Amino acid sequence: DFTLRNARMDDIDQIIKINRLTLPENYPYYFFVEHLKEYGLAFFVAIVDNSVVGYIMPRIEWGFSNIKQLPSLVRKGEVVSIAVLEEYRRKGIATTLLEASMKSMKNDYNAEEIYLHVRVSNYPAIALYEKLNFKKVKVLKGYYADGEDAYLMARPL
């Protein structure tokens, strides 16, 4: 089993290494810190035996709704990045991280909906999102550096 807890500054090196091992979207150090610092309550890590084995990094912002079409702003949470190490996959880790984060986006940050981007061929990640009620909103052509399209995916809170 694993345990879950909020991310801490000391976790950031392990988080960065996890991000580089599993994703081609490699955010710099300061980036992780400022999100930890601004949105920490929805920033979670999964721990196995004194080691961080996964994380979810959140963002909270004002913006326009992906759910309804309104001319006024609404409070949105964004899953900026999430990853679990290969060894610890299929154990519910990503699931529990995302529910943890979404609950915090709802209750700590008063978001009314949440969104994310995923590569159109990241089938395991898409499947995980759809299990958690996310729906495709938009295709963003050539969104990723390597040229792949993204789905903008969203769900209400």
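When you see a residue number, it is the position in the sequence shown, counting from 1.
Novice: With respect to the recorded C-alpha B factors, which stretch has the higher mean value, 88-96 or 52-60?
Specialist: Stretch with the higher mean C-alpha B-factor: 88-96.
Novice: For the stretches 28-36 and 116-124, which has the higher mean C-alpha B-factor as given in the deposited record?
Specialist: Looking at the record's C-alpha B-factors, the answer is 28-36.
Novice: Specify which of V137, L140, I15, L21 carries the largest Cα B factor in the deposited PDB entry.
Specialist: Going by the entry's C-alpha B-factors, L21 comes out highest.
Novice: Split the chain's modelled residues into thirds by Cα B-factor; is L132 in the lowest, middle or highest one?
Specialist: Highest third - that is where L132 ends up once the chain's C-alpha B-factors are sorted.
Novice: Taking only the Cα B-factors deposited for this chain, tell me whether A7 sits in the lowest, middle or highest third.
Specialist: For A7, the deposited C-alpha B-factor lands in the highest third.
Novice: Grab the CA temperature factor for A42 from the record and place it in the lowest, middle or highest third of its chain.
Specialist: As the PDB entry reports it, the C-alpha B-factor of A42 lands in the lowest third of its chain.
Novice: What third of its chain, lowest, middle or highest, does the C-alpha temperature factor of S101 fall into?
Specialist: According to the entry, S101 has a C-alpha B-factor in the chain's middle third.
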